[PDB]
There are 2 protein chains.
Amino acid sequence: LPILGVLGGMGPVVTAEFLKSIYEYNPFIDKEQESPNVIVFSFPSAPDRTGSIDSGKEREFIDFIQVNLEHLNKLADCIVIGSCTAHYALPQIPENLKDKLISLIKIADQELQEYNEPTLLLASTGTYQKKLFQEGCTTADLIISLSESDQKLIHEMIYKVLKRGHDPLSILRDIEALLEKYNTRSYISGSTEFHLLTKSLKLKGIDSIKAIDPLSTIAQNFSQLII
Amino acid sequence: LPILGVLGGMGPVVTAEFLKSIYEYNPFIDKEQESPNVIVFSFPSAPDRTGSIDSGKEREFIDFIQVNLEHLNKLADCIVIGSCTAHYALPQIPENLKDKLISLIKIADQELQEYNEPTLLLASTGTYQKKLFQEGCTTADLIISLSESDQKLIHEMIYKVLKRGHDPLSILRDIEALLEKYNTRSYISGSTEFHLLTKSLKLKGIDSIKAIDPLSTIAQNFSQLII
Ligand SMILES: N[C@@H](CCC(=O)O)C(=O)O
Ligand SMILES: N[C@@H](CCC(=O)O)C(=O)O
């Protein structure tokens with residue numbers, strides 16, 4: 001049977017919620033033995049992703065990701081890293097340890113190709129500085145970048161609200177105002193913590209916003225993706 | 001840093017919710033790097049616990065638990081198995097692979113000692129047949145056993161409602177009627193799936209029922225227990 005390996009804890013709150021999403025969008029028909037097999041390494045002691053760039057200690061962070069990929073390579077058939085910003089480590093990781101990897105940036109790129117309307121990239125300043133989405137996506141011309149001022153505002157939402165476990169709906173007004181400002185009805189979860197907003201939106205039945213949310217997509221399409 | 005290993009998937013829904021509970025009851029002060037390190041093996045392809053007793057294939061199940069304990073022994077400092085009924089496998093597992101194990105039955109026993117009032121054991125028929133709580137707990141005289149008829153009713157709640165992800169509050173009336181019938185204001189989560197009821201009770205602010213719930217206790221006391 002096929003096993004998903006999650007390298008998480010890079011948002012422990014969102015890592016936990018992602019595992020919930022998997023079984024929410026894969027309810028069994030008769031028996032639990034039908035349901036997805038998953039291994040989660042939820043290690044919040046991972047050095048801050050943006051912080052490791054903002055200081056100089058990228059090597060410390062790249063070593064963290066590398067060692068834990070070696071582990072999961074032995075245990076899982078496919079692997080996801082639960083942080084977009086953490087994908088900046090990948091060019092420094094050997095190609096053999098990345099064979100099983102399902103990239104959140106590629107997953108986002110595919111969904112945006114099908115959607116084919118301009119969409120607002122919500123992400124960390126470090127994800128922005130590293131230009132992961134602009135350099136990674138075939139659909140980069142459909143990505144609307146936040147201005148520097150609005151980048152900082154999103155960074156605040158991620159760390160002050162979403163990472164601390166607070167009600168993701170408490171930033172919905174701020175996000176609608178951004179979506180309006182940038183003249184669009186959609187966003188990309190450039191930070192994984194917007195998985196939490198995406199879930200809270202689908203719960204309340206708000207379908208005015210279109211969320212390109214890689215973790216939602218991976219959860220929904222587990223059976224197709226995980227081989 | 002100390003790592004909890006969860007052998008779960010024996011209620012994928014509740015396994016996911018337990019990981020959520022850990023970070024809910026351990027919110028960080030300044031940085032995420034403060035937060036609990038956890039490894040979860042969420043393998044629902046574990047053979048049904050009660051079913052493996054009800055057929056003859058206990059060996060198949062004991063092998064599952066044994067192999068996955070060997071794995072987690074190498075990776076974690078403390079280990080929890082996310083199913084009370086699955087603890088029936090332990091007498092057949094070598095003592096060396098159980099050094100790190102934190103027993104849900106012992107955790108329940110301790111909480112009941114401090115509580116010191118008669119309490120209703122809600123569990124699977126297989127947990128009842130194996131008499132895990134009655135044989136395991138120093139506080140066994142404080143445990144009120146469900147009659148055979150009410151055992152089947154609880155088994156139905158676990159599999160038809162709680163394991164399928166449905167709103168745990170939808171069985172609250174049925175549980176209050178049991179609690180009344182057996183003349184008590186408390187229950188033991190003899191099935192881990194009653195972690196889900198326990199959380200839904202603490203959310204709505206219902207403190208008329210006292211839940212002896214091992215997973216809640218482990219989540220709350222992570223820093224003390226996990227060394
Ligand atoms: N979790 C977000 C931002 C911060 C972090 O990585 O911890 C991400 O997708 O990268
Ligand atoms: N999850 C319950 C009952 C059924 C099962 O083990 O899957 C328990 O504590 O054992």
# chains A, B, ... in the order shown; residues from 1 in each chain; ligands from 1
>>> interface_residues(of="chain B", to="chain A", cutoff="10 Å", atoms="only C-alpha atoms", output="JSON, numbers by chain")
{"B": [1, 3, 4, 5, 6, 7, 8, 9, 10, 11, 12, 13, 14, 15, 16, 17, 18, 19, 20, 21, 22, 23, 24, 27, 28, 29, 30, 31, 32, 33, 34, 35, 36, 37, 38, 39, 40, 41, 42, 43, 44, 45, 46, 47, 48, 71, 75, 159, 160, 163, 164, 165, 166]}
>>> write_last_selection(atoms="C-alpha atoms", output="PDB file, in the first residue's frame")
ATOM      1  CA  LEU B   1      14.944  17.678  22.104  1.00  0.00           C
ATOM      2  CA  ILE B   3      10.218  13.349  20.435  1.00  0.00           C
ATOM      3  CA  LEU B   4       6.806  11.647  20.875  1.00  0.00           C
ATOM      4  CA  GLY B   5       6.172   8.697  18.528  1.00  0.00           C
ATOM      5  CA  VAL B   6       2.469   7.967  17.834  1.00  0.00           C
ATOM      6  CA  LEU B   7       1.505   4.558  16.436  1.00  0.00           C
ATOM      7  CA  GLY B   8      -1.878   5.657  15.083  1.00  0.00           C
ATOM      8  CA  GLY B   9      -4.278   5.229  12.206  1.00  0.00           C
ATOM      9  CA  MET B  10      -6.375   3.087  14.558  1.00  0.00           C
ATOM     10  CA  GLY B  11      -8.837   5.745  14.162  1.00  0.00           C
ATOM     11  CA  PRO B  12      -7.252   7.907  11.452  1.00  0.00           C
ATOM     12  CA  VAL B  13      -9.811  10.637  12.269  1.00  0.00           C
ATOM     13  CA  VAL B  14      -8.887  10.615  15.965  1.00  0.00           C
ATOM     14  CA  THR B  15      -5.147  10.234  15.225  1.00  0.00           C
ATOM     15  CA  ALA B  16      -5.318  13.469  13.215  1.00  0.00           C
ATOM     16  CA  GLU B  17      -7.320  15.178  15.972  1.00  0.00           C
ATOM     17  CA  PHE B  18      -4.796  14.059  18.642  1.00  0.00           C
ATOM     18  CA  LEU B  19      -1.943  15.780  16.754  1.00  0.00           C
ATOM     19  CA  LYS B  20      -4.132  18.898  16.659  1.00  0.00           C
ATOM     20  CA  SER B  21      -4.710  18.620  20.441  1.00  0.00           C
ATOM     21  CA  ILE B  22      -0.968  18.516  21.087  1.00  0.00           C
ATOM     22  CA  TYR B  23      -0.356  21.961  19.572  1.00  0.00           C
ATOM     23  CA  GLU B  24      -3.692  23.320  20.857  1.00  0.00           C
ATOM     24  CA  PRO B  27       0.767  27.020  22.270  1.00  0.00           C
ATOM     25  CA  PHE B  28       4.219  28.589  21.891  1.00  0.00           C
ATOM     26  CA  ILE B  29       5.069  31.836  23.679  1.00  0.00           C
ATOM     27  CA  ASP B  30       7.387  33.569  21.159  1.00  0.00           C
ATOM     28  CA  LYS B  31       8.517  31.086  18.478  1.00  0.00           C
ATOM     29  CA  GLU B  32       7.240  27.790  16.970  1.00  0.00           C
ATOM     30  CA  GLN B  33      10.633  26.181  17.682  1.00  0.00           C
ATOM     31  CA  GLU B  34       9.331  25.900  21.301  1.00  0.00           C
ATOM     32  CA  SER B  35       6.539  23.509  20.181  1.00  0.00           C
ATOM     33  CA  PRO B  36       6.344  19.672  20.576  1.00  0.00           C
ATOM     34  CA  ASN B  37       8.240  17.342  18.261  1.00  0.00           C
ATOM     35  CA  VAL B  38       6.063  14.440  17.159  1.00  0.00           C
ATOM     36  CA  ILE B  39       6.281  11.535  14.714  1.00  0.00           C
ATOM     37  CA  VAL B  40       2.937  10.016  13.629  1.00  0.00           C
ATOM     38  CA  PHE B  41       2.561   6.681  11.859  1.00  0.00           C
ATOM     39  CA  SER B  42      -1.079   6.976  10.748  1.00  0.00           C
ATOM     40  CA  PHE B  43      -1.598   3.547   9.222  1.00  0.00           C
ATOM     41  CA  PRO B  44      -5.344   2.719   8.927  1.00  0.00           C
ATOM     42  CA  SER B  45      -4.402  -0.450   7.044  1.00  0.00           C
ATOM     43  CA  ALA B  46      -3.784  -1.877  10.563  1.00  0.00           C
ATOM     44  CA  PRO B  47      -6.136  -4.875  10.784  1.00  0.00           C
ATOM     45  CA  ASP B  48      -9.341  -4.085  12.753  1.00  0.00           C
ATOM     46  CA  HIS B  71      10.647   1.512  13.862  1.00  0.00           C
ATOM     47  CA  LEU B  75      13.061   7.459  16.093  1.00  0.00           C
ATOM     48  CA  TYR B 159     -17.755   2.759  14.062  1.00  0.00           C
ATOM     49  CA  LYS B 160     -20.902   4.354  12.560  1.00  0.00           C
ATOM     50  CA  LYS B 163     -14.662   6.799  13.046  1.00  0.00           C
ATOM     51  CA  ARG B 164     -16.526   8.207  10.001  1.00  0.00           C
ATOM     52  CA  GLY B 165     -15.779  11.808  11.024  1.00  0.00           C
ATOM     53  CA  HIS B 166     -19.338  12.845  11.940  1.00  0.00           C
TER      54      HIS B 166
END
>>> residues_near_ligand(ligand="ligand 2", cutoff="7 Å", atoms="only C-alpha atoms and all ligand atoms", output="number ranges by chain")
B: 10-11, 48-50, 82-86, 123-124, 127, 158, 190-193
>>> select_by_dssp(residues="region 168-197 of chain A", states="alpha helix (DSSP H)", output="VMD selection string")
chain A and resid 172 to 181 194 to 197
>>> closest_residue(among="A:51, A:2, A:56, A:205", to="ligand 1", atoms="only C-alpha atoms and all ligand atoms")
A:51
>>> residues_around(residues="region 138-141 of chain A", least_positions_apart="6", cutoff="9 Å", atoms="only C-alpha atoms", output="short mmCIF file (atom, residue, chain, number, x, y, z; two decimals) with N, CA and C atoms, in the first residue's frame")
data_model
loop_
_atom_site.label_atom_id
_atom_site.label_comp_id
_atom_site.auth_asym_id
_atom_site.auth_seq_id
_atom_site.Cartn_x
_atom_site.Cartn_y
_atom_site.Cartn_z
N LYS A 106 4.98 23.22 -7.80
CA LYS A 106 4.43 22.57 -9.00
C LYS A 106 2.95 22.30 -8.91
N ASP A 109 1.24 25.56 -9.49
CA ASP A 109 1.40 25.87 -10.90
C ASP A 109 0.35 25.16 -11.77
N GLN A 110 0.16 23.86 -11.55
CA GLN A 110 -0.86 23.09 -12.29
C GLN A 110 -2.27 23.60 -12.10
N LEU A 112 -3.18 26.58 -11.23
CA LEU A 112 -3.28 27.91 -11.84
C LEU A 112 -3.39 27.84 -13.36
N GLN A 113 -2.73 26.85 -13.98
CA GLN A 113 -2.88 26.62 -15.41
C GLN A 113 -4.34 26.36 -15.79
N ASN A 116 -6.46 29.71 -14.88
CA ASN A 116 -6.20 30.61 -16.00
C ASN A 116 -6.77 32.04 -15.84
N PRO A 118 -5.82 35.84 -13.49
CA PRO A 118 -4.84 36.41 -12.56
C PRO A 118 -5.18 36.16 -11.08
#
>>> select_by_dssp(residues="chain A", states="strand (DSSP E or B)", output="PyMOL selection string")
chain A and resi 3-9+11+37-42+78-81+101+119-122+143-145+186-189+210-212
>>> residues_around(residues="residue 69 (chain B)", least_positions_apart="3", cutoff="8 Å", atoms="only C-alpha atoms", output="PyMOL selection string")
chain B and resi 7+65-66+72-73+97-98
>>> write_last_selection(atoms="N, CA and C atoms", output="PDB file, in the first residue's frame")
ATOM      1  N   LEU B   7       1.974   5.633  17.314  1.00  0.00           N
ATOM      2  CA  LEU B   7       1.505   4.558  16.436  1.00  0.00           C
ATOM      3  C   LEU B   7      -0.014   4.680  16.337  1.00  0.00           C
ATOM      4  N   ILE B  65       1.801  -4.329  15.118  1.00  0.00           N
ATOM      5  CA  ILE B  65       2.222  -3.515  16.256  1.00  0.00           C
ATOM      6  C   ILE B  65       3.718  -3.683  16.538  1.00  0.00           C
ATOM      7  N   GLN B  66       4.201  -4.926  16.529  1.00  0.00           N
ATOM      8  CA  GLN B  66       5.618  -5.205  16.820  1.00  0.00           C
ATOM      9  C   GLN B  66       6.601  -4.548  15.840  1.00  0.00           C
ATOM     10  N   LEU B  72       9.620   2.912  15.568  1.00  0.00           N
ATOM     11  CA  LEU B  72       9.471   4.116  16.395  1.00  0.00           C
ATOM     12  C   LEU B  72      10.472   4.159  17.551  1.00  0.00           C
ATOM     13  N   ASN B  73      10.844   2.989  18.075  1.00  0.00           N
ATOM     14  CA  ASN B  73      11.922   2.882  19.079  1.00  0.00           C
ATOM     15  C   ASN B  73      13.224   3.551  18.657  1.00  0.00           C
ATOM     16  N   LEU B  97      11.126  -3.569  23.507  1.00  0.00           N
ATOM     17  CA  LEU B  97      10.338  -2.703  22.621  1.00  0.00           C
ATOM     18  C   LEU B  97       9.225  -1.896  23.323  1.00  0.00           C
ATOM     19  N   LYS B  98       8.985  -2.137  24.619  1.00  0.00           N
ATOM     20  CA  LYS B  98       7.951  -1.438  25.393  1.00  0.00           C
ATOM     21  C   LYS B  98       8.481  -0.487  26.456  1.00  0.00           C
TER      22      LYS B  98
END
>>> atom_distance(atom1="CA of residue 144 (chain A)", atom2="CA of residue 182 (chain A)")
7.6 Å
>>> residues_around(residues="residue 171 (chain B)", least_positions_apart="4", cutoff="9 Å", atoms="only C-alpha atoms", output="list in words")
residues 157, 161, 162, 167, 175, 176 and 197 of chain B
>>> residues_around(residues="residue 210 (chain B)", least_positions_apart="4", cutoff="10 Å", atoms="only C-alpha atoms", output="tab-separated table (two decimals) with N, CA, C and O atoms, in the first residue's frame")
chain	number	residue	atom	x	y	z
B	115	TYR	N	-9.43	11.35	40.63
B	115	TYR	CA	-10.83	11.73	40.55
B	115	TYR	C	-11.62	11.04	41.65
B	115	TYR	O	-12.38	11.69	42.36
B	119	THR	N	-17.00	5.83	37.69
B	119	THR	CA	-16.93	6.34	36.32
B	119	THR	C	-17.26	5.24	35.31
B	119	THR	O	-16.84	4.09	35.48
B	184	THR	N	-23.92	8.30	37.24
B	184	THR	CA	-22.56	8.83	37.27
B	184	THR	C	-22.47	10.05	36.38
B	184	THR	O	-23.29	10.23	35.48
B	185	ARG	N	-21.47	10.90	36.64
B	185	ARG	CA	-21.26	12.14	35.89
B	185	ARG	C	-19.96	12.09	35.09
B	185	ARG	O	-19.54	13.10	34.54
B	186	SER	N	-19.34	10.92	35.00
B	186	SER	CA	-18.05	10.79	34.35
B	186	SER	C	-17.96	9.54	33.50
B	186	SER	O	-18.66	8.54	33.73
B	187	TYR	N	-17.06	9.60	32.52
B	187	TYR	CA	-16.74	8.45	31.71
B	187	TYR	C	-15.24	8.35	31.47
B	187	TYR	O	-14.51	9.35	31.54
B	188	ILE	N	-14.80	7.12	31.20
B	188	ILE	CA	-13.45	6.86	30.71
B	188	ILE	C	-13.54	6.67	29.21
B	188	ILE	O	-14.38	5.93	28.72
B	198	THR	N	-14.71	14.21	23.76
B	198	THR	CA	-14.14	15.01	24.84
B	198	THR	C	-13.81	16.43	24.38
B	198	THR	O	-14.12	17.39	25.08
B	201	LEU	N	-16.96	18.44	23.73
B	201	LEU	CA	-17.52	18.88	25.02
B	201	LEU	C	-16.81	20.11	25.59
B	201	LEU	O	-17.47	21.02	26.09
B	206	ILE	N	-19.30	22.51	28.06
B	206	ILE	CA	-20.11	21.61	28.87
B	206	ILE	C	-19.17	20.97	29.88
B	206	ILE	O	-18.35	20.13	29.52
>>> residues_around(residues="residue 105 (chain B)", least_positions_apart="2", cutoff="9 Å", atoms="only C-alpha atoms", output="CSV table (one decimal) with N, CA, C and O atoms, in the first residue's frame")
chain,number,residue,atom,x,y,z
B,84,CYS,N,-6.8,2.1,22.5
B,84,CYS,CA,-6.9,1.3,23.7
B,84,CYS,C,-6.9,-0.2,23.4
B,84,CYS,O,-6.1,-1.0,23.9
B,87,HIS,N,-3.8,-2.2,22.8
B,87,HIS,CA,-2.9,-2.6,23.9
B,87,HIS,C,-3.0,-4.1,24.3
B,87,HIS,O,-2.1,-4.5,25.0
B,102,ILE,N,4.1,4.8,26.7
B,102,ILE,CA,3.2,5.4,27.6
B,102,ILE,C,1.9,4.8,27.4
B,102,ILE,O,1.2,5.1,26.4
B,103,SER,N,1.4,3.9,28.4
B,103,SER,CA,0.2,3.2,28.3
B,103,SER,C,-1.1,4.1,28.5
B,103,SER,O,-1.1,4.8,29.5
B,107,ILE,N,-2.5,5.7,32.0
B,107,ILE,CA,-2.8,7.1,32.1
B,107,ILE,C,-4.2,7.3,32.6
B,107,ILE,O,-4.4,8.2,33.4
B,108,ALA,N,-5.1,6.5,32.1
B,108,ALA,CA,-6.5,6.5,32.6
B,108,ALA,C,-6.6,6.2,34.1
B,108,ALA,O,-7.3,6.9,34.8
B,109,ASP,N,-5.9,5.1,34.5
B,109,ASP,CA,-5.8,4.7,35.8
B,109,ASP,C,-5.4,5.8,36.8
B,109,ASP,O,-6.1,6.0,37.8
B,110,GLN,N,-4.3,6.5,36.5
B,110,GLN,CA,-3.9,7.6,37.3
B,110,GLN,C,-4.9,8.7,37.4
B,110,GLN,O,-5.1,9.2,38.5
B,132,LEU,N,-9.2,-5.0,29.4
B,132,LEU,CA,-7.9,-4.3,29.5
B,132,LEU,C,-7.9,-3.4,30.8
B,132,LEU,O,-7.0,-3.4,31.5
B,133,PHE,N,-9.0,-2.7,30.9
B,133,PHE,CA,-9.2,-1.8,32.0
B,133,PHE,C,-9.4,-2.4,33.4
B,133,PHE,O,-8.8,-2.0,34.4
B,136,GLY,N,-6.1,-4.0,34.2
B,136,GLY,CA,-4.9,-3.1,34.1
B,136,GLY,C,-4.9,-2.1,35.2
B,136,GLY,O,-3.9,-1.7,35.7
B,137,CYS,N,-6.1,-1.6,35.7
B,137,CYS,CA,-6.2,-0.5,36.6
B,137,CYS,C,-6.2,-0.8,38.1
B,137,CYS,O,-7.1,-1.6,38.5
B,190,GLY,N,-12.5,4.6,27.0
B,190,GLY,CA,-12.0,3.3,26.8
B,190,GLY,C,-11.7,3.0,25.3
B,190,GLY,O,-10.9,2.1,25.0
B,214,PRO,N,-7.4,9.8,28.1
B,214,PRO,CA,-5.9,9.7,28.1
B,214,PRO,C,-5.2,10.6,27.1
B,214,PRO,O,-4.2,11.1,27.4
